[PDB]
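Residue numbers (the deposited numbering), protein chains in the order written: chain E, 3 to 50; chain C, 632 to 694; chain A, 10 to 327; chain B, 10 to 237, 269 to 302, 319 to 327; chain P, 76 to 185.
Structure follows, in structure tokens:
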């Protein structure tokens, strides 16, 4: 099932990512966001 | 060799040629590497290990 | 004559234990130089075996940190000197060597009694200095291996003080990729420069890395594991046909008949259209054919309802 | 105790254009698994030959507009649909494919007239939708190149619309390393994970990547047939002022600078 | 002791023209042939297994090329099984045959 996210196109920063985590928790729950954080952590570390 | 009074004869530990030598000179890059240097973490190569670059002797006295 | 050529554009012998060689490989289609460059980079740095002293055995010293009368160097100085010498050998295994000499004088690498397998590279390397006529005999162990010796305690033997050997013979390697400027297929020029400790010339290291790389990707071209039959004990049969033959003779003696997993649809006298469709569906064995269902066969492209009927009676006769 | 053997542990086909395969290689000595995984990933992504449509000629259509009558899809969208066609082939060079069709109906990949050596992986792929009873002939250009290769020639400009086709038959590849210790027996296990678009099975891509890698390092084993005094300066040696100024103008201060560039020699050779 | 003994063509004629009490096994081998070296190892232990109950003889086809052609040796490795009784026919096996088949060829069927 396709997830109805929002295609962030401009930029993400400390405040932008913090809002996204807040919205992901309030929509998918902490179990989903805990996995999303790990994928985000790997993506951020890899591209850095 | 002729020696003047006050000149150096032998140098002890952490001293090379009459100068304080507490470390080593090594190639270093300032880049993030997959999080293994996150914050104050340091990523080193095996060259520092098998090369005995940072090998130190420690003597413990049991009395 | 070859369209893709390689050559040693520069070879240098800076010292007895520092050989430099630069090699060119041109012309390479775009993306090949990047693939070759990194694989050669990793193979040269960590996939080439070298041989060096692993442990030394003295006789009359209590420990590797004492002082020997008549020697200007401490025992720990001797071990570092031994750890620095360079040896060449194409054979594996642990081999013995001897430095049984007497002074006074300079003990160099030329004074080591080596087995025929190994050869000394730089005979002028200093080992020890003898100031008075003492008799010094040191037992050596020579081993060829990868990477570097484990820096952990292994001195449970007869006072053979271990030596932290570094087996890697390639001091450094580098590669550069330059555009050929062909403008028709984006060809590229690859340069490879290799630094070796003299145990093998850079040209030899270039070949050894290529051969070692091939031995790393050649297993994928072997047959897949558990393809041929085996007694599930040897796991390495020179002739893959024989272990299955040993099954048939035992099977014939016991008269138990071959299993369905070893009967292929080729032996079943199927119509050519039926055979081709089953092969297209990756159905090769009779057992695999039986595990399917009639509906699972109708869904195949060139398979009809009438065919599953004639297929069954062929199996019924068998 | 064991020998270096490989095996396919997972194999899924949950599409006609999406194949999955996981492969294990073991036992491997320390550091080898990373080298094999890195090189194999590079070979899989770009070194494997892929076949896809590169150019599309709209025969008998002089409209040259973004849309044509009888076809719902725009010309640009038709090219986009063509770019998604998955092909498998063994062709050498370039071939021509033709799509001449009837009036109303759906143009699919099954309707492509193919050169002898090429095949359609999924004939259900949609090309265009036909509404009005008008015939449509499309001149395709089938080519087989590697992923990493680049091509510059684009048939100049003869009403043939180029298709920016990506030549990857392996959609994705990844490798993982599992290390097992037995006190002192450090063996490594390499996992290769291959996704293909159906043009070749992941097992086949594993072999082609291995063969392409070997063909790269074969040339290094090729052999060819056989046929049968900075501390001395120009000031010290007595030189004519005319020659001295000329050398000094060219930054020839020592004798080494003189021999590196090529009755001057007669007077010099004696000293 | 007992092993595979190197014999030439004239060393094989009187063997087959004369008396044969135990079955005679002729190994047509060549030093350059890879499988023939494998074929030897099977014959090394086949001779041990059958000891004096059978005889193993190797013939080099590089030297006895004219003799191998007369024997119609179409390739290597080739084994000739000679019955001790001249009445029965011989058996020619081509290819790296397994050890088990050589057992039944010499104990029975010959």
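Ideal Cβ placement from N, Cα and C applies to all residues, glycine included.
Contact check, residue i vs residue j under 8 Å by CB: the rounded distance?
{"i": "residue 90 of chain P", "j": "residue 99 of chain P", "result": "6 Å"}
{"i": "residue 112 of chain A", "j": "residue 139 of chain A", "result": "3 Å"}
{"i": "residue 620 of chain C", "j": "residue 160 of chain A", "result": "Examination of residue 620 of chain C is not possible in this model, given that chain C is present from 632 through 694 alone."}
{"i": "residue 55 of chain A", "j": "residue 158 of chain B", "result": "So it is not a contact: roughly 30 Å between Cβ atoms."}
{"i": "residue 16 of chain B", "j": "residue 86 of chain A", "result": "Not a contact, Cβ separation roughly 52 Å."}
{"i": "residue 82 of chain P", "j": "residue 117 of chain P", "result": "The pair is not a contact, with the Cβ atoms about 19 Å apart (cut-off 8 Å)."}
{"i": "residue 205 of chain B", "j": "residue 28 of chain B", "result": "5 Å"}
Hey, would you say residue i sits closer than 8 Å to residue j, going by beta carbons?
{"i": "residue 214 of chain B", "j": "residue 57 of chain B", "result": "yes"}
{"i": "residue 121 of chain B", "j": "residue 129 of chain B", "result": "yes"}
{"i": "residue 70 of chain A", "j": "residue 80 of chain A", "result": "no"}
{"i": "residue 165 of chain P", "j": "residue 156 of chain P", "result": "yes"}
{"i": "residue 189 of chain B", "j": "residue 180 of chain B", "result": "no"}
{"i": "residue 220 of chain B", "j": "residue 306 of chain A", "result": "no"}
{"i": "residue 44 of chain A", "j": "residue 225 of chain B", "result": "yes"}
{"i": "residue 172 of chain B", "j": "residue 63 of chain B", "result": "yes"}
{"i": "residue 66 of chain B", "j": "residue 208 of chain B", "result": "no"}
{"i": "residue 127 of chain B", "j": "residue 98 of chain B", "result": "yes"}
{"i": "residue 177 of chain B", "j": "residue 30 of chain B", "result": "no"}
{"i": "residue 105 of chain P", "j": "residue 137 of chain P", "result": "yes"}
{"i": "residue 107 of chain A", "j": "residue 149 of chain A", "result": "yes"}
{"i": "residue 130 of chain P", "j": "residue 171 of chain P", "result": "no"}
{"i": "residue 324 of chain A", "j": "residue 218 of chain A", "result": "no"}
{"i": "residue 131 of chain B", "j": "residue 95 of chain B", "result": "yes"}
{"i": "residue 202 of chain A", "j": "residue 146 of chain A", "result": "no"}
{"i": "residue 237 of chain A", "j": "residue 249 of chain A", "result": "yes"}
{"i": "residue 6 of chain A", "j": "residue 124 of chain A", "result": "Nothing can be reported for residue 6 of chain A: it is not among the residues displayed for chain A, which extend from 10 to 327."}
{"i": "residue 42 of chain A", "j": "residue 199 of chain A", "result": "yes"}
{"i": "residue 35 of chain E", "j": "residue 19 of chain E", "result": "no"}
{"i": "residue 182 of chain B", "j": "residue 50 of chain B", "result": "yes"}
{"i": "residue 102 of chain P", "j": "residue 132 of chain P", "result": "yes"}
{"i": "residue 26 of chain E", "j": "residue 38 of chain E", "result": "yes"}
Any beta-carbon of chain E closer than 8 Å to the one on residue i?
{"i": "residue 665 of chain C", "result": "yes"}
Any beta carbon from chain P within less than 8 Å of residue i's own beta carbon?
{"i": "residue 313 of chain A", "result": "no"}
{"i": "residue 255 of chain A", "result": "yes"}
Under 8 Å between C-beta atoms, does residue i make it to chain A?
{"i": "residue 683 of chain C", "result": "yes"}
{"i": "residue 17 of chain B", "result": "yes"}
{"i": "residue 605 of chain C", "result": "Any answer about residue 605 of chain C is impossible in this case: the structure gives chain C only from 632 up to 694."}
{"i": "residue 106 of chain B", "result": "no"}
{"i": "residue 175 of chain P", "result": "yes"}
{"i": "residue 52 of chain B", "result": "yes"}
{"i": "residue 231 of chain B", "result": "yes"}
Under 8 Å, Cβ to Cβ, is there at least one residue of chain C near residue i?
{"i": "residue 2 of chain A", "result": "Examination of residue 2 of chain A is not possible in this model, given that chain A is present from 10 through 327 alone."}
{"i": "residue 160 of chain A", "result": "yes"}
{"i": "residue 157 of chain A", "result": "yes"}
{"i": "residue 173 of chain A", "result": "yes"}
Within 8 Å (strictly less), CB to CB, does residue i reach chain B?
{"i": "residue 25 of chain A", "result": "no"}
{"i": "residue 176 of chain A", "result": "no"}
{"i": "residue 304 of chain A", "result": "no"}
{"i": "residue 235 of chain A", "result": "yes"}
{"i": "residue 225 of chain A", "result": "yes"}
Against residue i, what residues of chain F qualify as contacts under a CB-to-CB distance less than 8 Å, listed in chain order?
{"i": "residue 56 of chain A", "result": "Of the protein chains in the structure, E, C, A, B and P, none is chain F."}
May I ask you to check if the CB of residue i is nearer than 7 Å to at least one heavy atom of the ligand HEM?
{"i": "residue 260 of chain A", "result": "Among the components of this structure there are no ligands whatsoever, and the ligand HEM is therefore not found."}
Tell me whether the segment 243 to 257 of chain A and the segment 274 to 284 of chain B touch, counting them as touching only if at least three CB pairs, one residue from each stretch, are closer than 8 Å.
Touching, no.
Residues within the segment 158 to 172 of chain P neighbouring chain A, beta-carbon criterion of under 9 Å
Listed in sequence order: 171.
Flag this pair as touching only if the segment 282 to 295 of chain A and the segment 254 to 272 of chain A have three or more C-beta atom pairs under 8 Å; answer yes or no.
When C-beta atoms of the segment 282 to 295 of chain A are compared with those of the segment 254 to 272 of chain A, three or more pairs fall below 8 Å, so the two segments count as touching.
Please identify, using Cβ separations under 9 Å, the residues of the segment 196 to 209 of chain B that lie next to chain A, in order along the chain.
Under the 9 Å Cβ criterion, the segment 196 to 209 of chain B contributes 201.
Any residues in the segment 31 to 50 of chain A with a beta carbon nearer than 9 Å to a beta carbon of chain B? Which ones, in chain order?
Of all residues in the segment 31 to 50 of chain A, only 32, 34, 37, 38, 39, 40, 41, 43, 44, 45, 47, 48, 49 place a beta-carbon less than 9 Å from a beta-carbon of chain B.
Compile a chain-ordered list of the residues in the segment 237 to 251 of chain A whose CB is closer than 9 Å to at least one CB of chain P.
Listed by position along the chain: 247, 248, 250, 251.
Got a sec: which bits of the segment 258 to 292 of chain A sit with their beta carbon under 9 Å from any beta carbon on chain P, in order along the chain?
For the segment 258 to 292 of chain A, which is checked against every Cβ of chain P, the residues closer than 9 Å are 258.
Which residues of the segment 13 to 47 of chain E have a Cβ closer than 7 Å to any Cβ of chain C? Give them in chain order.
Flagged, chain order: 47.
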